[PDB]
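As the structure lists them, so they are numbered: ligands from 1, and atoms in each ligand from 1. Only this structure's heavy atoms are used, side chains among them; waters, hydrogens and symmetry mates stay out. Labels below follow one simple rule: chain letters A, B, ... track the order of the sequence lines, proteins then strands, and each chain is numbered from 1.
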Amino acid sequence: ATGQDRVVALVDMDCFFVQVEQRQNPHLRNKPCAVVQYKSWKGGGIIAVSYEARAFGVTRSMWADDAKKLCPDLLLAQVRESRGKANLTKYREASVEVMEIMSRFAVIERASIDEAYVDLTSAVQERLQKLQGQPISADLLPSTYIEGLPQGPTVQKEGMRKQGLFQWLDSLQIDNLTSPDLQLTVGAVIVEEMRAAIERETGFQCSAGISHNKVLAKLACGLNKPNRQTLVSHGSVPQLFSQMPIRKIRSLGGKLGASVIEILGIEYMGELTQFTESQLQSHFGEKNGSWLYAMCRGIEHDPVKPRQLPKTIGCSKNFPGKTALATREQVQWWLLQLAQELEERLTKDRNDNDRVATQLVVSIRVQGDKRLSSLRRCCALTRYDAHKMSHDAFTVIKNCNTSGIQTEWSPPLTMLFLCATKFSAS
DNA sequence: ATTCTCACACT
DNA sequence: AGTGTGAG
Ligand SMILES: O=c1[nH]cnc2c1ncn2[C@@H]1O[C@H](COP(=O)(O)OP(=O)(O)OP(=O)(O)O)[C@@H](O)[C@H]1O
Ligand SMILES: [Ca+2]
């Protein structure tokens with residue numbers, strides 16, 4: 001098994017929220033700019049950064065006040081606020097624009113508001129029979145980089161790309177309709193076309209990775225951003241992984257990746273090949289060990305899920321610092337604010353996508369606790385009604401109130417969370 | 001006060 | 001059901 005059965009792409013909308021604001025406000029185009037939320041504390045938290053601003057060092061999670069110190073001409077657009085919380089509807093709606101276009105070309109799995117995996121295997125097959133057996137021109141791949149090329153016996157970026165692509169296409173074996181390299185290349189032609197259609201029909205630019213699975217496709221996508229696409233072939237994996245830090249591979253950016261590094265005493269993905277599968281399973285469990293043994297040879301089997309819609313709809317807000325909720329009627333009021341936004345989105349979801357959610361999940365965070373959530377409770381969701389929803393949410397959390405007073409809430413709450421789950425066809 | 005989401009494994 | 005990890 002060489003993990004070359006599929007053609008999979010990962011498409012990533014370049015700094016998506018910024019692009020949405022730049023389409024809407026021409027003044028912001030081709031300028032260093034960022035999208036922020038909650039203007040009051042330190043000028044707002046930055047949640048998306050244009051490439052012009054990233055060259056000054058502006059990143060996500062900065063405060064806008066701090067970003068302006070790195071980039072004094074930074075322009076800002078602020079997220080819509082509804083009922084005291086950031087409202088992402090404009091970006092969600094723009095996402096649906098893009099996903100609907102992508103769905104014309106192949107079946108897609110929505111990964112987040114601005115990424116989608118694409119399964120191109122069948123689309124490639126049909127495009128290879130329509131193509132008689134004729135060469136693929138470099139003109140069909142005007143923004144494609146071939147990872148690892150050029151090599152062997154130019155000083156500008158576009159010169160290198162064309163040389164890499166020339167060497168790739170020159171050695172391509174077009175007469176064999178089953179070569180995985182040829183299948184990737186056709187896959188890349190289809191993604192150029194999909195990316196052309198997205199930009200024509202929305203104005204949005206994006207990057208893409210093309211490879212044989214989601215993990216390599218995702219890694220590839222990040223190699224030549226913005227507005228470019230990268231093909232990572234099976235043959236390119238040993239050189240690519242030989243200096244690729246473990247933490248860059250999807251699902252290894254956290255504790256598991258750190259302990260792969262610490263327990264095995266290695267730094268790069270390719271060093272994993274020297275261990276037997278049993279060795280890896282004993283250190284990291286059957287599932288992780290098998291997965292690691294295959295992944296470091298470029299092999300991964302997670303399917304592109306034919307799923308363009310989320311499985312839960314949730315509304316959370318944080319109350320950090322002295323803003324932690326400390327009274328009963330504070331908790332009730334914010335639960336109602338979250339329940340009302342939830343109600344808006346559930347009804348819109350029942351009209352568009354013909355489904356009703358049946359379970360309500362409530363999560364709270366307590367001041368002093370260490371973790372994302374302190375506590376998770378559920379109850380039935382039988383009516384899309386904000387006052388019943390918030391009333392029910394309070395009911396299943398009210399006994400977490402350590403305080404003996406009826407009107408006070410101790411310990412103060414640093415996070416409220418409502419989530420609709422367990423959908424049924426409607 | 002990276003916030004705000006969403007998916008999945010484990011038990 | 002409830003907790004913990006990982007991601008965009
Ligand atoms: O903490 C986060 N880390 C990454 N992402 C986050 C985070 N919190 C929320 N998000 C959501 O994930 C969208 C795109 O996150 P992304 O990583 O794909 O990066 P961008 O499009 O900003 O620019 P790129 O770097 O892709 O050119 C963001 O806007 C927002 O909706
Ligand atoms: Ca993106």
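- Remark: at the Ca ion (ligand 2), atom OD2 from A:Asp12 and atom O from A:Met13 enclose 130°, rounded to the nearest 10 degrees.
- Remark: distances from the non-hydrogen atoms of A:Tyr51 to ligand 1 include one below 4.0 Å.
- Annotation: cation-pi pair A:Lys162/A:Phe166 absent, no NZ/CZ under 6.0 Å from the ring centroid and within 45° of its normal.
- Annotation: atom 30 (C) of ligand 1 to nearest protein heavy atom, A:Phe17 CZ, 4.0 Å.
- Under the 4.0 Å distance rule, the nearest protein heavy atom to atom 10 (N) of ligand 1 falls outside the cut-off.
- To the nearest 0.5 Å, atom CD of residue A:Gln359 and atom CG of residue A:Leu381 are 9.0 Å apart.
- Distances between N or O atoms of A:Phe16 and those of ligand 1 include at least one value under 3.5 Å.
- Rounding to the nearest 0.5 Å places SG of A:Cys206 at 11.0 Å from CD of A:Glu115.
- In this structure, atom 7 (C) of ligand 1 has its sub-4.0 angstrom surroundings free of protein heavy atoms.
- Look at A:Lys317 and A:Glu341 and you find no salt bridge, because none of the NZ, NE, NH1 or NH2 atoms lies under 4.0 Å from a carboxylate O.
- Within ligand 1, counting atoms from 1 as listed, the ones closer than 4.0 Å to a heavy atom of A:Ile47 are 29 (O).
- In summary, A:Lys348 and A:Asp352 engage in a salt bridge, as defined by a charged side-chain N under 4.0 Å from a carboxylate O.
- Looking at A:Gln19 against ligand 1, nothing comes within 4.0 Å, counting heavy atoms.
- Only the side chain of A:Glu115 comes within 4.0 Å of ligand 1, counting heavy atoms alone; its backbone N, CA, C and O stay farther away.
- Considering backbone and side-chain N/O of A:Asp14, none are found under 3.5 Å from N/O of ligand 1.
- Below 4.0 Å from some heavy atom of A:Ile113 lie the following atoms of ligand 1, by number and element: 31 (O).
- The number of heavy atoms from other shown groups lying within 6.0 Å of CD (A:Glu286) does not exceed 12.
- Nearest to atom 25 (O) of ligand 1 by heavy atom, out of A:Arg54, A:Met13, A:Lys225, is A:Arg54.
- Residues A:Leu219 and A:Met244 meet the side-chain proximity criterion, which asks for heavy atoms closer than 4.5 Å.
- From A:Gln243, atom CD reaches atom CE of A:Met269 across 15.5 Å, with rounding to the nearest 0.5 Å.
- A distance of 11.5 Å separates CG in A:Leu335 from NE2 in A:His387, rounded to the nearest 0.5 Å.
- In terms of protein heavy atoms, atom 18 (O) of ligand 1 is closest to A:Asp114 OD2, 3.0 Å.
- A:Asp114 contributes OD2 as its N, O or S atom closest to the Ca ion (ligand 2).
- Checked against a 3.5 angstrom limit, the closest N/O atoms of A:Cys15 and ligand 1 fall inside it.
- In this structure, the separation between CD on A:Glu262 and NE2 on A:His283 is 12.5 Å, given to the nearest 0.5 Å.
- Checking side-chain atoms of A:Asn87 against main-chain N and O of A:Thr89 turns up a donor-acceptor pair under 3.5 Å.
- Heavy atoms of A:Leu88 found under 4.0 angstrom from ligand 1: none, in either backbone or side chain.
- Close contacts of ligand 1 with A:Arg60, meaning ligand atoms under 4.0 Å from a residue heavy atom, involve 3 (N), 4 (C), 16 (P), 17 (O), 19 (O), 22 (O), 25 (O).
- For the atom pair CG (A:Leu216) and CZ (A:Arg250), the distance works out to 11.0 Å, reported to the nearest 0.5 Å.
- Shortest contact from atom 26 (O) of ligand 1 to any protein heavy atom: A:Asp12 OD1, 2.9 Å.
- Protein heavy atoms are found inside the 4.0 Å sphere centred on atom 4 (C) of ligand 1.
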